[PDB]
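Residue numbers (our numbering), protein chains in the order written: chain A, 1 to 394; chain B, 395 to 788; chain C, 789 to 1182; chain D, 1183 to 1576.
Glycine included, C-beta positions come from ideal geometry on N, C-alpha and C.
Shown next, in C-alpha cells, is the structure this report addresses.
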Ligand SMILES: Cc1cc2nc3c(=O)[nH]c(=O)nc-3n(C[C@H](O)[C@H](O)[C@H](O)COP(=O)(O)OP(=O)(O)OC[C@H]3O[C@@H](n4cnc5c(N)ncnc54)[C@H](O)[C@@H]3O)c2cc1C
Ligand SMILES: Cc1cc2nc3c(=O)[nH]c(=O)nc-3n(C[C@H](O)[C@H](O)[C@H](O)COP(=O)(O)OP(=O)(O)OC[C@H]3O[C@@H](n4cnc5c(N)ncnc54)[C@H](O)[C@@H]3O)c2cc1C
Ligand SMILES: Cc1cc2nc3c(=O)[nH]c(=O)nc-3n(C[C@H](O)[C@H](O)[C@H](O)COP(=O)(O)OP(=O)(O)OC[C@H]3O[C@@H](n4cnc5c(N)ncnc54)[C@H](O)[C@@H]3O)c2cc1C
C-alpha cells in the first residue's frame, strides 16, 4: 500500500503503439523478456483513427512474424496511385514499373491486431500507466511507473526502447549536448475528414490545383478518408459539410471526373513537420518510430519508418542476446537514420510537388507544374516515384 | 533631320550570338533575307570563352543545316558524367540509361563557326552598331541603329527576332502590362578558371561537399575548365592560384582520386539567376535564347534552349513565308516555353542537389545527402537524370 | 592553423556606409562596444560620387547625435520641388503643404562626417579588410576577417549587424528557408552625369516627357547633378557629351525654359530595382540599409531608409544593453519593415508616375498623364506627395 | 424603294439612356429641338439594373435642371465609405475631408425620372425603333429609322449626338484613320448579386482580402447589391447560394464583423475594361457617354462621366445656337476627354489598390498593402481619395 515494487525484464519498451507492440512481439518470439508501458487506454488508442498505407516490407513484417495475417484478409492491395493536376489524372503503375504494391489497411487495425496478438500470447503490456520517469540511462536502466490499478513499480531492464511517439517522454530525457535535432516546418496542414460514401476512385488520388492540394483516399467501403490542404490554425467547428465538399470539388472535380460525396462523420485538422533526432541510441535507450523522427504525411512513410526501425533494432537485440555481439546494436542508429533520411527526402519531395505553395510564388508555381509534368511524362520518373512509394525493394 | 538610310529585310535579327547567327543561317538556307545587327565586335565576342555541352539535337541542327560540322571534328562526344560526394564518384552512363550521348564543344567555337559561315555566304551581319532602338512592334517593325562607320540607318522588317541574350535590349521594349517576368535568384555564384593541365578524369565530374560544389570540366587537352561554388560578390583578384587550388582540393580530392593542377590562366566570377519572360512573342517581335530566359549553368540547358528556340522560330517563319500560314508563328511561344520550363525545372534540380546550402541549414544539408543517395543509388533515378541531361530524347 | 588573433566586442558591424558608421557612433555615444569592418579603402569610398536628399529627421539625427553639424552649413535646405510635364512646370511646396523641408547634401559628405567623427573619437573602423566570413549566427556570433595588413582575426560579438550594402555578404548567409526575397525590376535605368554649370532652377526638377524622364538636381555650386531615363544596359562609351545634352534638351527644355549646360565631367549608368529581404533579423544577425532592401531613386528614400533602420536598431540594442530587455530588438524587423514598405510603395509610385512607359502603351501614357494632372491639380494630392517626400511628418 | 417620311429637329440624339435623355431635356429647357431614337422598349430600358453612385455634380445637374428632384427624397446620401483590409475597416469621411457627399440612388430610377420628365414636358423619345442608318455626318446630318409601328423616317438636323452605350453604333461608323482607340483589359470581373436583406453596414464597404475583392453595396433598404472578384468566365449556374455567401464571408467577415445574409434573388457576372475613343467630335457628330469610353466599375464613374459629357456638350450647343460661337462646340472633345482620362486613372488606381492580383505576385501584394496603409493613415491621402470619389469639386 506504499511499496514501489521491483519487477524485472530484459527490454523495457515504452509505448503500446505499433512500433512498441511490434518490437514487443518480435522480442517475445525470439524469447526475450519485454515489458511495455503505455499511458493511454487500449480504447483511446483504438478510437484514434489514422489511415494507413503499408509498403510491401511492412506487410511482410506483420505476416512472416505471425503478428497478424488479418492485414492480408481485410486490407486492400493497390498496384498504383494517381496524380491529378491541370485537370488530368495520371497513373503511376507500381506493378508495371517496379513490381511492388502497397496495402491500404488502417493503422488502428494494425494496432488492434498487434495488441490482441500480445494479449492472446500473454505478453506484458500495461495500459494507462502514470508518473512515468526514466533513470540510469548508461547503466542498467530503470523505469518508474504507476500502473493502472495505482500500484507503483520500478522496472529494471538491460535496455529501454522508447517508442513514445512524437510527444516522446523518453527522448526528452536525453541531454541536449549529446543529441542533435533536425527540423523543418511547413506553412500548411491537412484538413482530414472521414465521410460516408462509395469509392470516388479505386486508388489513391493525389491532386494539385490552384486552390491547394487534396488526397482522395479510402478507409472502409462505408467510410472514405479524405484530406485537403489548409491553414495550420483552422477550427473544424467553423466548417460546414457543404464548405468541406466545396473545397474538395474546387480541387478535384472537373474534366470528366466527379467526386462522390457523403455525410461528414469526423473532421480534424492535422499539422506536420520534418523532425529527426540523431543519433537514435543514447546509452541503453534506443528511440524508434515517431519518438525519434517525423515526416510530412504526403509520402505515407511514417508508420513504415517506425516498423522498419523496430525491425532493425530487434535484429540488433537478437544478435546480442544470442551471441553477446554489440556490433548490431551499435549499428542500429546508422542503419535506421540512413532510411530515415531517404524517407525524409522522399516525403519532402512529394510534399513540395503536390501542395500548392501557400501565397502564390509564381516562379515557384511554374516550376512545380514543370516538375509534375516531367514526372508523369517520363517512365523513369514514374518508376523512381513508385520505387520510393512502395518501399525501395532493392 | 539628316538622312538615316532606310533599308528593308524580311527578318531583322538583334544579336550575333549563337542563336542570332543560327537563325540567320537557317533563314538563309530557306531563302529568306535576314539582316543581323550586333553591338560588340567579332573579336569581343570571340574573346568571351564559355564552355558548352551540346545535346544531340543541337549537334544535328548545327550539321544538317550546313552551319558547321567542325563540331564533330573538334568536339568530343561524352557518354556519361560523374556525381562525386562523400569521396565516392558515381557515374551516370547516358548511353546505358537513356541511349543518348552529348558533345562537348566550346560555345565560342560554335559562335566562330556560325559567324564565319555567315561571312562566307555573304549574310548581312553588322557588328559594333549603336543607338539601337526598336519601334512599331505591332506594325511593320523598325530597327534604328548607327553602324560601325557612323552611318545612321532605319531597317524595316516584317518581324524582329530578339536574340540579345540576358543583357537583352529587346525585352525591355515590350510593354510591362502585356508580359510577365519570372524570377528566382540564388545565394551563390560560380568561380570559373582555366588552368593548363591534362584532364583529371575522363568525363565531367560534379562534386558536392561540405565546403561547396565544384565542377571539373574540359576545354582543351592543354586547358581545363573548372568551376567552384562561391559567394555572389567574390572578387577574383583577392585569390591566388594557391587559394583557388585549395578550394578545389577541399571539395574534390580524396579516396584515391587526385586533382591534377596547372598554371591558373584565367579566373572569373560568373553570376546566374533563373528568369523567364512570358509570352515569348509580342506583336511582331519574337524573343529567343537569353533574351527570353536564363538558367543556372548546372543543368547545361542554356545554349540548348537557345538553339531549340531558334529552331522552332525558323519553322514558324518558313511556314509563313512559304504558305502564308501563321499557325507555326502563333504557336512559337507555347512550344518554346513548354521546353523552357522543362529546362527550368531540371537546371533548378541539379543546382539544388549539388550546391551546398549556405548557412549551415542542417535539415537542408541532411536531406541533400539523402536525395543524392537516392538518385545515384537508383537506376531509375540515374535514368531520369540522364534523360533530362541529354535533352529529353525518346 | 596559425592562431587568428581573437578579439571581442558587443556589436560587430559589417559595412562602413553611412548606416554602419552612424550605428557605430550611436553605439559609441551610449557607450557600447562596436567594431566596424570594411572591404573598401576610405579613399575608394570618398571617390564614390552620390548626391543625397535628406528628410528633416535625418538631418536631426545627424546633428543631435553629434555626428556632424556640417550638414547645416554646407548643405542647402529646399522647401519644395517642381514636376515638369506637358512643357509646364508645377511646383510642390513642401513647406506650404505639410510644413516640412528637405536638405540637399551629398551623401559622400555624410560618409566623410561619420568616418571623420569615428576616427576623431575612438575609432573602431577597419578599412580594406578581406576574407570576410560569418558564423554561429543563432548563437553567440563570430566574424572572421583578414585586415588590411594581413592580420587574421576571429572577432566574437553578442550581435552582428549587416550594413554591407546591396552587395551584401550577410544576406547571402541566412538560410533560404528562413527568409523571403521580394523583387520588382524596371525596364529602365538612370544615366547620371556631373557637369560644370550654374544652377538651372531653384529646386530639383522631376521632368516627364514623351522622350523620357529626366531629373535636374544640384550637388555643388560649380557642378550640377543630372539624370535621364535610359535602357538598363546603356554604355557611356557609345556616348558623346553633345548627344547627352541633346537627350536632356528633348526631355526638359521648352515653353520658355532652357537648361544651362556645361562640360560633361562625369558620366555613369545607374541600375536599380525594388528589393526587400524579410525578416530583417535572423538570430543575432541584424540586417540594415541596402543590405536588407533597395528602392528606385525617384523618391529619394534610400539613405533615409538606411538611417531609419540604424536608429530603430540602435534603440533596440540600447534598451537591451541597459535593462536586459529584448522587446525592442524583437520588434526591430517589424518597425523597419513597416517603414520600408511605405518607402517602397512611395518610390514605386514616383517611378511609375514619372518615367515614360517603354514600348508605346498608348493607354499607359494616357493614364500616366491623367494621373500627373490629377496629382498637381488637387491640393490634397500635392500634400500627399509632399508628405511622403519629406519623410511623413506627423 | 419606299419613301421614308421626312422629319426635322436641330439635335439628333441617339439613345434614350441617361445621357441622351439628359441632353434632350437640357436642350428642351434651353429651347433647342431634340429628337431621340432608341432601340429598346421602354420596359427594356427600365429593366436594366445598374446600381448607381452619383457624385456631387450629378446630383446638382439632376436637381437644378428640373429633371427630377425625386433623387433627394428617394436616394440616400452617403457621406463616406469604409475600406476593409487586413480585417480592419478604416473610414473615408467624405464630408470631413472635402465637404461633398455622394448619393446612392439606382440608375434605373434615374432613367425612370428622366423618361417621365421628357414625356410630360413634350418630348421625342421613340422606343423600340429599328433599321438604324446615319448619313452625311460632316455636312448637315441625316438619320434613317423605323419606329415600333413600322413608320419609316429620315430625320434631318444640324448635329447628331450618339448616346448608344458601349455597344455604340455611331463610333463604329467613324473612319479608323480619323480616330484613335485606347484599350486596356483586366484579368477579372465582378460577381454581382441582388439579395434581400437589411443593411450590414451604413456606408459602402470595399474590402480587399487574400481570397479576393468584395464590395458591400445597397440599392434599397430591402434589397442589397453585392460584388466579389472572380474569373471573367464563371457561371452563376454552377453556384449555390450557400457557396456564394461563403465567398463573401471569406472576403469580408472577421474581427467581430459578420455579414447579414438572405437568399440570393439575382446573380450576374460583369466583365470590364478601359476604353477611350478620341477625339470625341468627328465632323458634326458628337459622342458622349459609354459610346465614347468605358471604365472599370471600381469608381462608379461611368454614368457620372456620361452626365459630365452631356453637360459640356449642351453648353457648347448653347454657346453656338445662342451667339453662333463655335468655341464651345469645337473644344468640347478636349474638355470631355480631359475629365475622362482623370476618371480612367481614378478607376484604375482604385482597382489596383483593392483587387487581389490574380495568381500571387508577391511583391505586388506587399506593395498593395503598403499603398492601402499609406493612404488610410494619411489625411491627405484619404482626402484625395474622397475628392476623386465625390466628383472633383471645383
Ligand atoms: C500512409 C501513411 C499516412 C500517414 N499519415 C499521417 C498523417 O496524416 N498525420 C500524422 O501525424 N502521421 C501520419 N503518418 C504517420 C503515422 O501516423 C505514425 O506512424 C503514427 O503516429 C504511429 O506512430 P508509430 O508507431 O509509427 O511510431 P511510434 O514512435 O511507435 O508511435 C506510436 C504512437 O503511440 C503513441 N505512444 C506510444 N507510446 C506512448 C507513450 N508512452 N505515451 C504516450 N503516447 C505514446 C504516440 O503518440 C505515437 O503517435 C502516416 C503514415 C503512413 C504510413
Ligand atoms: C559557366 C557557364 C557554363 C555554361 N555551360 C553550359 C553548358 O554546359 N551547356 C549549354 O548549353 N550552355 C551552357 N552555358 C550557356 C548559358 O546557359 C547561356 O544561357 C547560353 O550561352 C545562352 O546565351 P547566348 O550566348 O546564347 O546568348 P544569345 O541568346 O545566344 O546572344 C548573345 C549575343 O547578343 C548580343 N547582343 C547583346 N545586346 C545586343 C543588342 N542590343 N543588339 C545586338 N546584339 C546584342 C551580344 O553581344 C551576344 O553576342 C554556360 C554558361 C556559363 C556562364
Ligand atoms: C535622396 C536619396 C538618393 C539616393 N540615391 C542613390 C543612388 O543614386 N544610388 C544608390 O546606390 N543609392 C542611393 N541612395 C541610397 C543609398 O545609397 C543607400 O540607402 C545606402 O548605401 C544605405 O546605407 P548602407 O550603409 O547600407 O550603404 P553602403 O554605402 O552600401 O555601405 C555598405 C558598405 O559595406 C561595405 N561592404 C560590402 N561588403 C562587405 C563585407 N562583406 N564586409 C565588410 N564590408 C562590406 C561596402 O564597401 C560599403 O562601403 C539614395 C538615398 C536617398 C535618400
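Check	Outcome
Straight-line Cα distance separating residue 284 of chain A from residue 158 of chain A	7 Å
Residue 367 of chain A vs residue 376 of chain A beta-carbon contact at 8 Å	no
Contact between the segment 1113-1124 of chain C and the segment 1051-1060 of chain C (3+ Cβ pairs under 8 Å)	no
Contact set for residue 1295 of chain D: own chain, Cβ-Cβ below 8 Å, skip 5 residues either direction	1244, 1249, 1250, 1252 and 1253
Contacts around residue 531 of chain B, its chain only, beta-carbon distance under 8 Å, and the 5 residues preceding and following it disregarded	554, 567, 568, 676, 677, 678 and 679
Heavy atom of ligand 2 within 7 Å of residue 939 of chain C beta-carbon	no
Given residue 1470 of chain D as reference, the closest of D:1493, D:1223, D:1299 and D:1481 once Cα atoms are compared	D:1493
Residue 1371 of chain D - partner residues in DSSP beta bridges	D:1412 and D:1453
Close beta carbons around residue 594 of chain B, own chain, < 7 Å, minus the five adjacent residues each side	610, 653 and 654
Contacting positions in the segment 355-370 of chain A - beta carbon closer than 7 Å to chain B	362, 363, 366, 367 and 370
Per-residue DSSP class, three states only, for residue 1603 of chain D	Here chain D comprises residues numbered 1183 to 1576, so residue 1603 of chain D is not present and cannot be evaluated.
Proximity test, Cβ basis, 8 Å: residue 521 of chain B and chain A	no
Among C:990, C:1065, C:1151 and C:1040, the one whose alpha carbon lies nearest that of residue 1459 of chain D	C:1151
Inside the segment 1066-1104 of chain C only - alpha helix (DSSP H) runs reaching at least 4 residues	none
Near ligand 3: residue 1092 of chain C beta-carbon under 7 Å from a heavy atom	yes
Among A:262, A:202, A:189 and A:245, nearest to residue 403 of chain A - alpha-carbon criterion	Nothing about residue 403 of chain A can be read from this structure; chain A reaches only from 1 to 394.
Test item: CB-CB of residue 846 of chain C and residue 1160 of chain C under 8 Å	no
The beta strand (DSSP E) enclosing residue 44 of chain A, as first and last residue numbers	Per DSSP, residue 44 of chain A belongs to no beta strand (DSSP E); it is in the alpha helix (DSSP H), 42-47.
Pairwise C-alpha distance: residue 517 of chain B and residue 419 of chain B	8 Å
beta-carbon residue 1141 of chain C near ligand 3 non-hydrogen atom, thresh 7 Å	no
Supposed contact pair residue 692 of chain B and residue 741 of chain B - C-beta distance, whole angstroms, cut 8 Å	6 Å
Residue 1364 of chain D vs residue 1220 of chain D beta-carbon contact at 8 Å	no
Classification of residue 1255 of chain D by the beta-carbon crowding that lies within 10 angstroms, buried from 16 upward	exposed
Collapsed DSSP secondary structure at residue 135 of chain A in the structure displayed	strand
Span separating the alpha-carbon of residue 673 of chain B from that of residue 509 of chain B	29 Å
Contact test: residue 804 of chain C Cβ vs ligand 3 heavy atom, cutoff 7 Å	yes
The segment 75-82 of chain A contacting the segment 93-104 of chain A, beta-carbon criterion three pairs below 8 Å	yes
Validate contact between the segment 1012-1032 of chain C and the segment 989-1003 of chain C using beta carbons, cut 8 Å, 3 pairs	yes
Proximal residues of chain D, C-beta to C-beta of residue 73 of chain A below 9 Å	Here the premise fails: no neighbours, minimum Cβ distance about 42 Å.
Among D:1338, D:1334, D:1328 and D:1330, nearest to residue 1317 of chain D - alpha-carbon criterion	D:1338
Through-space distance from residue 538 of chain B to residue 435 of chain B, alpha-carbon basis	18 Å
Alpha helix (DSSP H) segment containing residue 169 of chain A, residue limits	No alpha helix (DSSP H) contains residue 169 of chain A, which DSSP labels as neither H nor E.
For residue 133 of chain A and residue 2 of chain A, the rounded distance between their alpha carbons	18 Å
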